[PDB]
Structure formats: structure tokens, C-alpha cells
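J.: Chains as they are written, first to last, in the numbering used here: chain V, 1 to 8; chain X, 1 to 124; chain Y, 1 to 284. All C-beta atoms, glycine included, are put in the ideal place defined by N, C-alpha and C.
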Amino acid sequence: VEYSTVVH
Amino acid sequence: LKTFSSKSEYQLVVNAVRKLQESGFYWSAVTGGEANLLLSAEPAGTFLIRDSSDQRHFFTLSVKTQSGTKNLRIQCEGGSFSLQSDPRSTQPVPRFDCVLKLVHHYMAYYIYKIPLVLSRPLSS
Amino acid sequence: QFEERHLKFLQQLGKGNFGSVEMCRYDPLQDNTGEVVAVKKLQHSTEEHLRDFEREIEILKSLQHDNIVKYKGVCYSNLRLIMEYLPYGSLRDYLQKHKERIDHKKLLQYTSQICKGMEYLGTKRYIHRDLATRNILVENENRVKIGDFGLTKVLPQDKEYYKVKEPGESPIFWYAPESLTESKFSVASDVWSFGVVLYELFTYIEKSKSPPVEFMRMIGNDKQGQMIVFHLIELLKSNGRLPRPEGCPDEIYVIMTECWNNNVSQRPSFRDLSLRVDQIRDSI
Ligand SMILES: CC(C)(C)c1nc2c3ccc(F)cc3c3c(=O)[nH]ccc3c2[nH]1
Numbered sequence: 001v002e003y004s005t006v007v008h
Numbered sequence: 001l002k003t004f005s006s007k008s009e010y011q012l013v014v015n016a017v018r019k020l021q022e023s024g025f026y027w028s029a030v031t032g033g034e035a036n037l038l039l040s041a042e043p044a045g046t047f048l049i050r051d052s053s054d055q056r057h058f059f060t061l062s063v064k065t066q067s068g069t070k071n072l073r074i075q076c077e078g079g080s081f082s083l084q085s086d087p088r089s090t091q092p093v094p095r096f097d098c099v100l101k102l103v104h105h106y107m108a109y110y111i112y113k114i115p116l117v118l119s120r121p122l123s124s
Numbered sequence: 001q002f003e004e005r006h007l008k009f010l011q012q013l014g015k016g017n018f019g020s021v022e023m024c025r026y027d028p029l030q031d032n033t034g035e036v037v038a039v040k041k042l043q044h045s046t047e048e049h050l051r052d053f054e055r056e057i058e059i060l061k062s063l064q065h066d067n068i069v070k071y072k073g074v075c076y077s078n079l080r081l082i083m084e085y086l087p088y089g090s091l092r093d094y095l096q097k098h099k100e101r102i103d104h105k106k107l108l109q110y111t112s113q114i115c116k117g118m119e120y121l122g123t124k125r126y127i128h129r130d131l132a133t134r135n136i137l138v139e140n141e142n143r144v145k146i147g148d149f150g151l152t153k154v155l156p157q158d159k160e161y162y163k164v165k166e167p168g169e170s171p172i173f174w175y176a177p178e179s180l181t182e183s184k185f186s187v188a189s190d191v192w193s194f195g196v197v198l199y200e201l202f203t204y205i206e207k208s209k210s211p212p213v214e215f216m217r218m219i220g221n222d223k224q225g226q227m228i229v230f231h232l233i234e235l236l237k238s239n240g241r242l243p244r245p246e247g248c249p250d251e252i253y254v255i256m257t258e259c260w261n262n263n264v265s266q267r268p269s270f271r272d273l274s275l276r277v278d279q280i281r282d283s284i
């Protein structure tokens with residue numbers, strides 16, 4: 001699995 | 001495992017999954033494995049919604065980008081679906097009443113630092 | 001009373017919830033002839049644990065019953081709890097050890113003890129929730145006790161349900177449908193939980209007749225994440241339950257499915273339960 005987070 | 005917070009939150013998911021199954025790009029109970037696979041023969045910007053593997057989250061967004069296939073957790077807190085927040089995120093994360101409405105919004109936003117590219121769904 | 005400086009560490013018993021249970025021996029004389037007692041301590045001391053751990057003690061302290069584990073005393077190190085030592089350990093592991101040496105009338109005997117324990121628990125307005133074979137203890141071949149009131153809460157004066165809007169990891173298979181949806185735990189949530197406990201008994205939980213393995217088998221061993229809880233609710237709302245235990249009397253499985261009734265009202269009380277248990281006990 002390759003998870004990330006969103007930057008605004 | 002995390003049980004539901006309230007009756008409202010349960011009936012929320014019923015409508016969330018209903019509208020998700022009607023959407024066509026909802027892949028039920030699919031792990032992060034096929035995500036890196038099914039989105040390999042798809043152009044960068046192709047996405048899908050699947051059941052999270054973590055016990056904290058219901059659904060999870062997977063999207064093919066230039067760096068590769070990236071997955072995104074979709075938290076449901078107090079009856080609103082939002083993407084997981086970054087510590088370097090200056091602007092607050094958007095909340096939505098429907099899970100589908102979360103998708104349409106993101107179609108600038110970046111991901112750790114390539115941009116967020118939502119273009120085409122993956123039919124099921 | 002008690003002093004931890006006299007407690008000699010003999011061995012570790014087991015671990016459950018947010019603490020560790022160790023076999024020690026309190027002997028003020030230090031000549032090593034003292035009586036053996038079980039000791040439960042906190043691994044990581046936090047405010048969200050040390051406070052809740054102490055609430056468990058205050059509950060157990062108010063619990064005095066033959067079928068409720070006997071509270072011994074307390075000592076601090078980071079709190080530390082002193083309780084009686086039950087050699088055969090948990091009902092879960094004991095039922096697996098001696099499958100053959102335990103017959104039908106014995107399983108009904110425990111059930112009667114668990115019921116009478118739940119009645120003494122219910123009269124003081126407590127909701128165990130964590131009712132499972134891993135939380136029930138065995139003093140001797142013919143007597144069992146209920147232990148670990150960690151998840152036990154106190155009922156309000158007016159409200160008959162205790163609702164936790166901020167849930168953590170939970171045994172969702174021992175949970176009632178009402179406990180899965182609104183996270184509301186009633187005395188009927190213990191009747192449901194007892195239903196699964198009653199299931200565990202007549203199976204001895206052999207190989208893959210476990211409440212998780214069975215429920216997972218029904219919803220499919222592919223559905224993962226928090227989405228499992230959802231599918232389980234669909235399964236319970238669609239009147240699907242855990243199958244009949246292998247070689248289980250008919251009247252007993254009926255009771256299981258009647259505790260597994262969706263409606264709270266239709267779930268038989270622990271009064272009605274203990275009656276049928278003893279009714280089938282002396283008949284056989
Ligand atoms: C795991 C859990 C916390 C429920 C727990 N396990 C035990 C236990 C296990 C083996 C054994 F020989 C004794 C015990 C025991 C005991 O002897 N007294 C009180 C609790 C307790 C216990 N409490």
C-alpha cells in the first residue's frame with residue numbers, strides 16, 4: 001500500500 | 001474495530017454506499033494492492049473509491065498520478081466526509097455531506113509534492 | 001492491607017485490555033510461605049487508562065458474589081490491583097484444554113453460574129459489554145467466576161442505556177445490533193453478548209467455530225477495514241446469525257437465537273434465562 005495526504 | 005458514533009452516522013453511510021454503488025467507480029472491499037495494479041494501465045489522473053483496510057476509515061480514494069498510484073484516506077467524523085489532513089496544510093480540509101460530493105470538488109491541491117490530478121473514474 | 005514491597009513476582013498469567021496480569025505472592029514475613037494472589041498492573045500509565053483502570057476497581061469492589069471474581073486489595077507503584085488467584089485461568093483456555101473431560105450438564109452448570117452473576121451485576125445497574133469466554137474465569141472443575149470489568153459502565157438514573165459517542169477498538173461480534181449502530185449498550189446488549197458466550201460454550205470454540213471466523217465466513221473473508229462493521233449490521237438486520245454448534249441440544253440453540261433477536265424487548269431477561277437453564281439442567 002502507498003498512502004499520502006493532500007496539501008492545500 | 002471502530003463502531004458507529006450515532007444513528008445519524010450509520011444512516012449516512014447507507015446513503016454514502018448507495019450513491020457510491022450507483023456511481024459505478026466504487027470498488028467494494030478492494031485492498032490497496034489492486035489499486036497499484038488496476039491503475040497501472042490507466043493514465044495519470046484515473047481514480048477509484050474502495051473500502052479502506054484500516055479500521056479507522058470506511059472508504060479510501062486511490063488515484064494514478066505521475067509519481068505512481070497514490071491512495072487517500074476518507075475520514076468520517078460527525079457526519080462529514082473529508083480527506084486526511086497534512087501538517088503542512090495551511091488551508092483547512094473541505095467537509096462534505098455526501099461522499100460523492102467530495103470527489104467532484106477536487107476535479108490548487110497537492111500531494112506529498114506533486115499536484116492532485118482527478119480526471120477520469122474507473123468503471124466497475 | 002497490602003504493600004508492593006512484599007509482592008514477589010512468580011510468573012506472568014496473561015494480558016487483557018490495557019493492563020498486564022501477573023502471578024505474585026504477598027508474604028509480609030518474607031519467609032516465602034504466604035498465600036498466592038493474582039496481580040493486574042498497567043503497562044503504560046496514562047490519564048485515559050489510570051482513571052479508567054481505577055473505575056474498574058471501584059466496580060469490582062462493589063461486586064460481592066460467588067460468581068463474581070473476588071476483589072482482594074490495592075497497592076500503588078502507576079496503580080496496581082490485587083485479586084484472588086484462580087489456577088485454571090480463563091474459561092476460554094480451560095474449555096480448549098479439557099474438551100473431552102467436560103460434558104453437556106457441565107456446560108449448562110457454568111451457564112447457570114454466568115446467568116446468576118449477570119443478575120447480581122444487572123441489579124447494581126452495570127453493563128459488562130465485554131461478556132466473552134476470554135473474560136470468564138475458572139476456580140475449580142465445578143465453579144466459574146466473571147472477571148475483568150474493564151468495559152463495565154454504570155447505568156444512568158433515568159436512561160436505561162449507556163452511550164459512548166467516541167468508541168475505540170471493540171469485540172463487534174459480541175456486540176448487539178444496537179451497540180453496532182448507535183453504540184448504545186443496554187442490559188439486552190449483555191443478553192446478546194451472553195448469546196455469543198452461550199455459543200462459544202457448546203462449541204468449545206473448536207478450530208474454526210469462532211464468532212469472528214464464523215461471522216467473517218458469512219460476510220465473506222474479503223470485506224476489510226471499518227466497512228466490516230457495516231456488512232455485519234446488514235447480516236444481523238437480515239436475520240443471519242452464527243450457525244448451530246456441532247452436537248448442540250435443540251433447546252439450547254433456540255436460546256442463542258432468541259438472545260440474538262434484533263428487537264430489544266424480545267430478548268429474554270437473565271431471570272428468564274437462568275430459569276430455563278436450571279429447567280434443562282435437572283431434566284437431563
Ligand atoms: C486476560 C484477563 C485480563 C481477562 C485476565 N486473565 C486472567 C488470568 C489468566 C490466567 C490465570 F491463571 C489467572 C488469571 C486471573 C486470576 O487468577 N485472577 C484475576 C484475574 C485473572 C485474569 N484476567
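Within 10 Å of its beta-carbon, does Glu214(Y) have 16 or more other beta-carbons around it, so buried, or fewer, so exposed?
T.: buried
J.: For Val154(Y), which residues of its own chain have a beta-carbon under 7 angstroms away from its beta-carbon, when the five flanking residues on both sides are left out?
T.: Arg125 and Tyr126
J.: Once DSSP output is grouped into helix, strand and coil, what is the label at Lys105(Y)?
T.: helix
J.: May I ask you to verify whether the region 60-74 of chain X touches the region 29-44 of chain X, counting CB pairs closer than 8 angstroms and requiring at least 3?
T.: yes
J.: Using a Cβ-Cβ cut-off of less than 9 angstroms, give me the residues of the region 93-124 of chain X that come near chain Y, in sequence order.
T.: none
J.: Apart from the five residues just before and just after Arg120(X), which ones in its own chain have a Cβ nearer than 6 angstroms to its Cβ?
T.: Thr46
J.: So with CB distances below 7 angstroms, who are the chain V contacts of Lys64(X)?
T.: Within chain V, no C-beta atom comes nearer than 7 angstroms to that of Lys64(X); the closest sits roughly 11 angstroms away.
J.: List the residues of chain X whose Cβ lies closer than 7 angstroms to the Cβ of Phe230(Y), in chain order.
T.: Going along chain X in sequence order, the residues near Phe230(Y) (Cβ under 7 angstroms) are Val13.
J.: Can you check whether the CB of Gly168(Y) is closer than 8 angstroms to the CB of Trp260(Y)?
T.: no
J.: Can you find at least 3 beta carbon pairs, one from the region 122-141 of chain Y and one from the region 80-96 of chain Y, that sit closer than 8 angstroms?
T.: Taking 8 angstroms as the limit for Cβ pairs, the verdict is that the region 80-96 of chain Y does touch the region 122-141 of chain Y.
J.: Below 8 angstroms CB to CB, which residues in the same chain sit around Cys98(X) once its five sequence neighbours on both sides are set aside?
T.: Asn15, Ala16, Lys19 and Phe81
J.: Which residues of chain X have a Cβ atom closer than 7 angstroms to the Cβ of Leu180(Y), listed in chain order?
T.: Against chain X, a Cβ distance below 7 angstroms from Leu180(Y) picks out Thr3 and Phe4.
J.: Under three-state DSSP, which class holds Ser283(Y)?
T.: helix
J.: Using a beta-carbon distance below 8 angstroms, is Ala35(X) in contact with chain Y?
T.: no
J.: Just checking my contact of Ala35(X) with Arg50(X) at CB under 8 angstroms: how many whole Å lie between their CB atoms?
T.: 7 angstroms
J.: Whether or not the region 177-194 of chain Y and the region 261-276 of chain Y are in contact is what I'm after, with contact meaning three or more pairs of Cβ atoms, one per stretch, closer than 8 angstroms; do they touch?
T.: A contact exists between the region 261-276 of chain Y and the region 177-194 of chain Y.
J.: Given this structure, state the Cα-to-Cα distance separating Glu166(Y) from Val13(X), to the nearest angstrom.
T.: 17 angstroms
J.: Can you pull the DSSP bridge partners for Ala38(Y)?
T.: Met23(Y) and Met83(Y)
J.: Give the interface partners of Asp86(X) over in chain V, defined as CB-CB distance under 7 angstroms, in chain order.
T.: Neighbourhood of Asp86(X) in chain V, by CB distance below 7 angstroms: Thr5, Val6 and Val7, in chain order.
J.: Suppose contacts are defined by Cβ-Cβ distances below 8 angstroms. Is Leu7(Y) in contact with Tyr26(Y) by that definition?
T.: yes
J.: Under 8 angstroms Cβ-Cβ, which residues of chain X neighbour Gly168(Y)?
T.: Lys2
J.: Rounded to the nearest angstrom, how far is the Cβ of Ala29(X) from that of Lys223(Y), given a contact under 8 angstroms?
T.: 4 angstroms
J.: Would the beta-carbon of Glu84(Y) be found less than 7 angstroms away from any heavy atom of ligand 1?
T.: Yes, ligand 1 has a heavy atom inside 7 angstroms of this Cβ.
J.: Please report the straight-line C-alpha distance between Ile205(Y) and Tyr109(X), rounded to a whole angstrom.
T.: 51 angstroms
J.: Kindly list, in the order they appear in chain Y, the residues whose Cβ is closer than 8 angstroms to that of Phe58(X).
T.: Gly225, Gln226, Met227 and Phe230
J.: Identify which residue in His44(Y), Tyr71(Y), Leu63(Y) and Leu108(Y) has its Cα closest to the Cα of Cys248(Y).
T.: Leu108(Y)
J.: Could you round the C-beta distance between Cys75(Y) and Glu22(Y) to whole angstroms and report it? I think they count as a contact, below 8 angstroms.
T.: The pair is not a contact, with the Cβ atoms about 13 angstroms apart (cut-off 8 angstroms).
J.: Is it the case that the CB of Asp66(Y) approaches a heavy atom of ligand 1 more closely than 7 angstroms?
T.: In this structure, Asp66(Y) has its beta carbon at no less than 7 angstroms from each heavy atom of ligand 1.
J.: Less than 8 angstroms between the C-beta atoms of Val197(Y) and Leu131(Y), yes or no?
T.: yes
J.: For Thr90(X) and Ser53(X), what's the separation of their Cα atoms in angstroms?
T.: Roughly 28 angstroms between the two C-alpha positions.
J.: Output the distance between the C-alpha atoms of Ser45(Y) and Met227(Y), rounded to the nearest integer angstrom.
T.: 32 angstroms
J.: With 8 angstroms set as the bound, which would you pick, yes or no: does the beta-carbon of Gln91(X) sit closer than that to a beta-carbon of chain V?
T.: yes
J.: Who are the neighbours of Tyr26(X) on chain Y, taking C-beta pairs under 9 angstroms?
T.: Near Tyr26(X) there are no residues of chain Y at all, since even the closest Cβ is about 11 angstroms away, more than 9 angstroms.
J.: With H, G and I counted as helix, E and B as strand and the rest as coil, what does DSSP make of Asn135(Y)?
T.: helix
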